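Structure file model28.pdb (PDB, C-alpha atoms) is printed below.
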```
ATOM      1  CA  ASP Y   1     -14.200   7.669 -34.155
ATOM      2  CA  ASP Y   2     -17.113   9.987 -33.375
ATOM      3  CA  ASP Y   3     -19.763   7.616 -32.024
ATOM      4  CA  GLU Y   4     -19.959   8.266 -28.281
ATOM      5  CA  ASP Y   5     -17.308   5.592 -27.743
ATOM      6  CA  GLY Y   6     -15.956   4.689 -24.317
ATOM      7  CA  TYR Y   7     -18.943   3.502 -22.297
ATOM      8  CA  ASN Y   8     -18.416   3.940 -18.556
ATOM      9  CA  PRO Y   9     -20.480   1.921 -16.044
ATOM     10  CA  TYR Y  10     -20.434   4.831 -13.596
ATOM     11  CA  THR Y  11     -22.336   6.881 -16.172
ATOM     12  CA  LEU Y  12     -25.532   5.696 -17.860
TER      13      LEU Y  12
ATOM     14  CA  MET D   1     -45.280  -4.345 -28.952
ATOM     15  CA  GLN D   2     -46.824  -5.432 -32.255
ATOM     16  CA  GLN D   3     -43.884  -7.398 -33.654
ATOM     17  CA  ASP D   4     -41.755  -4.258 -33.384
ATOM     18  CA  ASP D   5     -38.232  -4.098 -31.959
ATOM     19  CA  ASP D   6     -38.242  -7.842 -31.294
ATOM     20  CA  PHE D   7     -35.186 -10.013 -30.644
ATOM     21  CA  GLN D   8     -34.019  -8.749 -34.036
ATOM     22  CA  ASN D   9     -32.976  -5.360 -32.661
ATOM     23  CA  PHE D  10     -31.281  -6.971 -29.660
ATOM     24  CA  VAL D  11     -29.335  -9.691 -31.473
ATOM     25  CA  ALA D  12     -28.666  -7.236 -34.300
ATOM     26  CA  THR D  13     -26.985  -4.791 -31.922
ATOM     27  CA  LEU D  14     -24.789  -7.456 -30.326
ATOM     28  CA  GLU D  15     -23.841  -8.964 -33.686
ATOM     29  CA  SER D  16     -22.774  -5.595 -35.094
ATOM     30  CA  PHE D  17     -20.812  -5.073 -31.878
ATOM     31  CA  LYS D  18     -18.401  -7.974 -32.376
ATOM     32  CA  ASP D  19     -18.239  -7.068 -36.068
ATOM     33  CA  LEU D  20     -16.416  -3.945 -34.886
ATOM     34  CA  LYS D  21     -12.642  -3.727 -34.471
ATOM     35  CA  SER D  22     -12.447  -3.309 -30.695
ATOM     36  CA  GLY D  23     -14.581  -0.178 -30.828
ATOM     37  CA  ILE D  24     -17.414  -0.931 -28.418
ATOM     38  CA  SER D  25     -19.902   1.863 -29.107
ATOM     39  CA  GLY D  26     -22.123   2.911 -26.218
ATOM     40  CA  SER D  27     -25.042   3.234 -28.625
ATOM     41  CA  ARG D  28     -25.204  -0.532 -29.130
ATOM     42  CA  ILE D  29     -25.166  -1.208 -25.387
ATOM     43  CA  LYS D  30     -28.024   1.261 -24.935
ATOM     44  CA  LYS D  31     -30.226  -0.443 -27.527
ATOM     45  CA  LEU D  32     -29.674  -3.810 -25.844
ATOM     46  CA  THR D  33     -30.470  -2.384 -22.409
ATOM     47  CA  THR D  34     -33.603  -0.403 -23.258
ATOM     48  CA  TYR D  35     -34.778  -3.392 -25.294
ATOM     49  CA  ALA D  36     -34.270  -5.889 -22.473
ATOM     50  CA  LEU D  37     -36.168  -3.751 -19.964
ATOM     51  CA  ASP D  38     -38.844  -2.929 -22.539
ATOM     52  CA  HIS D  39     -39.347  -6.690 -22.818
ATOM     53  CA  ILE D  40     -38.941  -8.476 -19.486
ATOM     54  CA  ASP D  41     -40.630 -11.487 -21.080
ATOM     55  CA  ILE D  42     -37.338 -12.473 -22.709
ATOM     56  CA  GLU D  43     -34.764 -12.200 -19.922
ATOM     57  CA  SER D  44     -33.657 -15.742 -20.757
ATOM     58  CA  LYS D  45     -32.667 -15.332 -24.407
ATOM     59  CA  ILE D  46     -31.314 -11.871 -23.599
ATOM     60  CA  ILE D  47     -29.161 -12.704 -20.578
ATOM     61  CA  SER D  48     -28.169 -15.970 -22.256
ATOM     62  CA  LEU D  49     -27.117 -14.115 -25.405
ATOM     63  CA  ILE D  50     -24.854 -11.543 -23.753
ATOM     64  CA  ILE D  51     -23.432 -14.297 -21.550
ATOM     65  CA  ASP D  52     -22.542 -16.581 -24.458
ATOM     66  CA  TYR D  53     -21.204 -13.647 -26.475
ATOM     67  CA  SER D  54     -18.750 -12.966 -23.651
ATOM     68  CA  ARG D  55     -17.403 -16.459 -22.987
ATOM     69  CA  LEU D  56     -17.609 -16.900 -26.760
ATOM     70  CA  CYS D  57     -14.548 -14.925 -27.853
ATOM     71  CA  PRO D  58     -11.449 -14.027 -25.797
ATOM     72  CA  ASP D  59     -10.691 -10.690 -24.136
ATOM     73  CA  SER D  60     -12.248  -9.048 -27.193
ATOM     74  CA  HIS D  61     -15.829 -10.134 -26.508
ATOM     75  CA  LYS D  62     -15.019 -10.476 -22.806
ATOM     76  CA  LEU D  63     -14.604  -6.725 -22.323
ATOM     77  CA  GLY D  64     -17.397  -5.824 -24.723
ATOM     78  CA  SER D  65     -19.983  -8.235 -23.339
ATOM     79  CA  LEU D  66     -18.973  -7.196 -19.822
ATOM     80  CA  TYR D  67     -19.968  -3.584 -20.481
ATOM     81  CA  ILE D  68     -23.262  -4.695 -22.022
ATOM     82  CA  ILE D  69     -24.188  -6.912 -19.075
ATOM     83  CA  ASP D  70     -23.238  -4.072 -16.729
ATOM     84  CA  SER D  71     -25.813  -1.666 -18.160
ATOM     85  CA  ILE D  72     -28.553  -4.296 -18.340
ATOM     86  CA  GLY D  73     -27.739  -5.524 -14.846
ATOM     87  CA  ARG D  74     -27.988  -2.101 -13.223
ATOM     88  CA  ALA D  75     -31.289  -1.291 -14.932
ATOM     89  CA  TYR D  76     -32.753  -4.760 -14.403
ATOM     90  CA  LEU D  77     -31.769  -4.720 -10.728
ATOM     91  CA  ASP D  78     -33.464  -1.368 -10.131
ATOM     92  CA  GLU D  79     -36.541  -2.586 -12.007
ATOM     93  CA  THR D  80     -37.143  -5.802 -10.066
ATOM     94  CA  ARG D  81     -35.883  -4.109  -6.902
ATOM     95  CA  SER D  82     -38.677  -1.547  -7.223
ATOM     96  CA  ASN D  83     -41.034  -4.450  -6.521
ATOM     97  CA  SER D  84     -39.267  -7.501  -5.092
ATOM     98  CA  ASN D  85     -36.233  -9.452  -6.301
ATOM     99  CA  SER D  86     -37.109 -13.124  -5.842
ATOM    100  CA  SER D  87     -36.247 -16.303  -7.744
ATOM    101  CA  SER D  88     -35.206 -19.950  -7.456
ATOM    102  CA  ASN D  89     -34.211 -21.582 -10.744
ATOM    103  CA  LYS D  90     -34.572 -21.108 -14.501
ATOM    104  CA  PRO D  91     -35.268 -17.748 -16.196
ATOM    105  CA  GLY D  92     -38.552 -15.856 -16.075
ATOM    106  CA  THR D  93     -37.980 -12.170 -15.380
ATOM    107  CA  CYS D  94     -35.547  -9.526 -14.132
ATOM    108  CA  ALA D  95     -35.118 -11.447 -10.878
ATOM    109  CA  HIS D  96     -34.181 -14.725 -12.565
ATOM    110  CA  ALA D  97     -32.011 -12.717 -14.958
ATOM    111  CA  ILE D  98     -29.751 -11.221 -12.290
ATOM    112  CA  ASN D  99     -29.609 -14.571 -10.492
ATOM    113  CA  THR D 100     -28.527 -16.407 -13.641
ATOM    114  CA  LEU D 101     -25.796 -13.872 -14.403
ATOM    115  CA  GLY D 102     -24.425 -14.028 -10.871
ATOM    116  CA  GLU D 103     -24.265 -17.786 -11.388
ATOM    117  CA  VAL D 104     -22.036 -17.387 -14.446
ATOM    118  CA  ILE D 105     -20.258 -14.128 -13.625
ATOM    119  CA  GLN D 106     -17.478 -16.338 -12.264
ATOM    120  CA  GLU D 107     -16.204 -17.752 -15.557
ATOM    121  CA  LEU D 108     -17.207 -14.509 -17.274
ATOM    122  CA  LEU D 109     -15.230 -12.085 -15.110
ATOM    123  CA  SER D 110     -12.290 -14.375 -14.347
ATOM    124  CA  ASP D 111     -11.890 -15.180 -18.043
ATOM    125  CA  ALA D 112     -12.310 -11.534 -19.042
ATOM    126  CA  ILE D 113      -9.704 -10.319 -16.553
ATOM    127  CA  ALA D 114      -7.327 -13.154 -17.433
ATOM    128  CA  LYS D 115      -7.631 -12.960 -21.220
ATOM    129  CA  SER D 116      -7.447  -9.195 -20.715
ATOM    130  CA  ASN D 117      -4.156  -7.321 -20.360
ATOM    131  CA  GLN D 118      -2.945  -4.471 -18.151
ATOM    132  CA  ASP D 119      -5.273  -2.120 -20.028
ATOM    133  CA  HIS D 120      -8.377  -4.281 -20.441
ATOM    134  CA  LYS D 121      -7.849  -5.959 -17.068
ATOM    135  CA  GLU D 122      -7.828  -2.452 -15.594
ATOM    136  CA  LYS D 123     -11.254  -1.660 -17.048
ATOM    137  CA  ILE D 124     -12.781  -4.816 -15.574
ATOM    138  CA  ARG D 125     -11.291  -4.148 -12.139
ATOM    139  CA  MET D 126     -12.822  -0.666 -12.035
ATOM    140  CA  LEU D 127     -16.218  -1.922 -13.201
ATOM    141  CA  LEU D 128     -16.211  -4.530 -10.433
ATOM    142  CA  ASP D 129     -15.544  -1.878  -7.789
ATOM    143  CA  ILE D 130     -18.464   0.254  -8.970
ATOM    144  CA  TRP D 131     -20.720  -2.807  -8.956
ATOM    145  CA  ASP D 132     -20.107  -3.621  -5.292
ATOM    146  CA  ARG D 133     -20.370   0.048  -4.323
ATOM    147  CA  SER D 134     -23.642   0.592  -6.185
ATOM    148  CA  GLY D 135     -25.272  -2.603  -4.953
ATOM    149  CA  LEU D 136     -25.849  -4.782  -8.009
ATOM    150  CA  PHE D 137     -24.737  -8.269  -6.974
ATOM    151  CA  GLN D 138     -25.103  -8.141  -3.190
ATOM    152  CA  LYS D 139     -23.416 -11.511  -2.674
ATOM    153  CA  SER D 140     -20.506 -10.230  -0.586
ATOM    154  CA  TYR D 141     -18.001 -10.765  -3.396
ATOM    155  CA  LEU D 142     -18.689 -14.226  -4.817
ATOM    156  CA  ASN D 143     -15.882 -16.793  -4.781
ATOM    157  CA  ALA D 144     -15.262 -15.787  -8.396
ATOM    158  CA  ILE D 145     -13.351 -12.518  -8.047
ATOM    159  CA  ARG D 146     -13.488 -12.954  -4.272
ATOM    160  CA  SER D 147     -10.126 -14.732  -4.379
ATOM    161  CA  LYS D 148      -7.715 -11.897  -5.162
ATOM    162  CA  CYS D 149      -5.603 -14.699  -6.631
ATOM    163  CA  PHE D 150      -7.621 -14.042  -9.788
ATOM    164  CA  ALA D 151      -6.003 -10.686 -10.547
ATOM    165  CA  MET D 152      -2.685 -11.671  -8.969
ATOM    166  CA  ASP D 153      -2.464 -14.673 -11.294
ATOM    167  CA  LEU D 154      -3.443 -12.900 -14.515
ATOM    168  CA  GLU D 155      -1.421  -9.928 -13.271
ATOM    169  CA  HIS D 156       1.407 -10.017 -15.815
ATOM    170  CA  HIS D 157       4.911  -8.733 -15.076
ATOM    171  CA  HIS D 158       4.142  -5.348 -13.519
ATOM    172  CA  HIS D 159       4.179  -3.540 -10.172
ATOM    173  CA  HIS D 160       1.030  -2.631  -8.238
ATOM    174  CA  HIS D 161      -0.522  -2.066  -4.811
TER     175      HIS D 161
END
```
Take the structure from the file and write it as structure tokens.
Amino acid sequence: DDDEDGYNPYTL
Amino acid sequence: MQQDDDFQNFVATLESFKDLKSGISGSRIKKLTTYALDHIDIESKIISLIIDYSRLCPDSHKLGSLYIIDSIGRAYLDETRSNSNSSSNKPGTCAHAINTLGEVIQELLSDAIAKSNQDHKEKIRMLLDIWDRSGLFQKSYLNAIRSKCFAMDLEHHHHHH
């Protein structure tokens, strides 16, 4: 799914 | 701030989040964050929302909400920090916000990690590490996760270090 998935806390 | 981007946007984002099938889109988290900061006169409803959303559902929401709170926390911390992080009880602003969260992070995290599996549980663990390193909740590892027993207990049948 192209939606900037996978949100990492180390990267805002 | 003329009745534009009110709680609607915030709640809307969160709602749509859970509506997903374990997707957790960064976009949503962003909206919630920017919104919160943009309106520090609603730290209560905001923080309260994300919090409830987490404890609400099992691992599902647990992981999701966790990520959301993470972003907001970092930003909020820096914001209030820029001036002076002070509080006592009840919500009011960034300060009170962080304080409140740290007062519920126990059940939140613990539950999240527990309800979470090898995979999910792994994500939470990492996030926690970054938190301490960065300097979000400078409480010297609250009793919550403090007791390694937390992970050890939820730690299903599997080897580790």
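Near segment 92-94 of chain D, within a cut-off of 8 Å and counting only C-alpha atoms, sit the residues residues 40, 41, 42, 43, 44, 76, 77, 79, 80 and 85 of chain D, with same-chain residues fewer than 5 positions away left out.
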Dump as a tab-separated table the rows for residues of chain Y within 7 Å of chain D: closest atom pair and distance in Å with one decimal, only C-alpha atoms counted, ordered by chain and rising residue number.
```
residue	atom	partner	partner_atom	distance
Y:3	CA	D:25	CA	6.5
Y:4	CA	D:26	CA	6.1
Y:5	CA	D:25	CA	4.7
Y:6	CA	D:26	CA	6.7
Y:7	CA	D:26	CA	5.1
Y:9	CA	D:127	CA	6.4
Y:10	CA	D:130	CA	6.8
```
Pull C-alpha atoms from the residues just selected and write them as a PDB file, in the coordinates of the input.
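Heads up, here's the output in result.pdb:
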```pdb
ATOM      1  CA  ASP Y   3     -19.763   7.616 -32.024  1.00  0.00           C
ATOM      2  CA  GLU Y   4     -19.959   8.266 -28.281  1.00  0.00           C
ATOM      3  CA  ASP Y   5     -17.308   5.592 -27.743  1.00  0.00           C
ATOM      4  CA  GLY Y   6     -15.956   4.689 -24.317  1.00  0.00           C
ATOM      5  CA  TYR Y   7     -18.943   3.502 -22.297  1.00  0.00           C
ATOM      6  CA  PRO Y   9     -20.480   1.921 -16.044  1.00  0.00           C
ATOM      7  CA  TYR Y  10     -20.434   4.831 -13.596  1.00  0.00           C
TER       8      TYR Y  10
END
```
For a cut-off of 10 Å around (-17.8, -14.9, -7.9), file coordinates, pick out all residues using only C-alpha atoms and list them as a PyMOL selection string.
-> chain D and resi 102-110+137+139-147
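The space separating atom CA of residue 81 of chain D from atom CA of residue 69 of chain D comes to 17.1 Å.
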Straight-line distance linking atom CA of residue 86 of chain D with atom CA of residue 33 of chain D, stated in Å to one decimal = 20.8 Å
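The coordinates place atom CA of residue 32 of chain D at 5.2 Å from atom CA of residue 10 of chain D.
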Name the residues that the PyMOL selection byres ((chain D and resi 11) around 12) picks from the file above, as a PyMOL selection string, using the file's chain letters and numbers.
-> chain D and resi 5-10+12-18+28-29+31-33+35-36+45-50+52-53
Care to translate the PyMOL selection byres ((chain D and resi 59) around 12) into actual residues of this file, as a ChimeraX atom specification?
-> /D:18,22,53-58,60-66,108-121,123-124
